[PDB]
Each structure stands twice: as C-alpha cells, then as structure tokens.
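Below you'll find only one chain, the form deposited in one PDB entry, shown as structure tokens.
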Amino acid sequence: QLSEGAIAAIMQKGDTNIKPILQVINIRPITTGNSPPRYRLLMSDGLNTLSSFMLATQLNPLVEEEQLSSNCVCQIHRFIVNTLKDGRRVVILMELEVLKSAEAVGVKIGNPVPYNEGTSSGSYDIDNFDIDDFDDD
C-alpha cells in the first residue's frame, strides 16, 4: 500500500509530479514559541524514512484536528522541493489526503532506514566520517 521507493524517487530523481502514499512516523513543531505552529514530518515509504518534510501552514487544520498524526497513512497530491542556503532540500507538502487514520493502521509499516544513512534495500551506507545521521534524530 505504501509507494515503496518514492522517497528515493523524490530525492534522487527530482520527481515532483508523483502522488505517493506515505506513512507519517513523527510530527513535530519547528519552534515552540508563541506563534502559529509550523510542522516538520518524518515520513516513510516502507523502505526509507526522510525527515526533510514541512507541512504547508494551510494544512495545519489536519494536525490541529488530529487527522494527521503518527502512524497514519496519507497520499500526497501536491508538493514542491525547496533548497535552504545550506543546501538541504526540504519537501513542502501543499495538498494531501489522509487515507487511513493512525488508529486504523495501528503500527509502523515495514522496517525503513533513514534515507541519509542507507539504501532502499535495508543496508547502511559506508560512512567514513560518521556524519550521515546529522539530519536525523
């Protein structure tokens, strides 16, 4: 049911027109100050996870209403990939539909490894500088 390999497709091939089915692993606000929340997401395609997702603030009602939460499965309908000054490419989710609630799925799907650290095959890349989890937690 998840679009296995879609995270690599977005990050490696630049595919911006695909509509993949992903699982939300974690949601977190970018800052905790007194301001309208802006959420970052750790998403999974079942093979890899990627933490460089931001939810467009127009979609915040999905989070405030608890429709989008950890372990739910959603389909992305529109996104763009933006690059920060330091080089990091961040996927901005603009439109999405929750297909299965967190409660309905019940559990994390598969055994995904972080995209920065490993392959879609479940193995970890050679990391001679011990740095490739820098953008994960």
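Start at 1 with the first residue shown and count on from there. Just so we're on the same page, rigid core means the largest C-alpha set that superposes within 1.5 Å between forms. Residues that one form lacks are left out of the comparison.
Not pictured, yet referred to below: the form solved in complex with a partner chain.
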| query | finding |
| --- | --- |
| Contact test in the deposited bound form: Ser44 vs its partner chain, heavy atoms, 4.5 Å | no |
| Residue among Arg88, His77, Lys100, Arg40 whose Cα moves 2 Å or more between the shown form and the other one, once the rigid core is superposed | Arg88 |
| Moved runs of 3+ residues, each with a C-alpha displacement of 2 angstroms or more between the shown form and the other one on the rigid core | 83 to 88 |
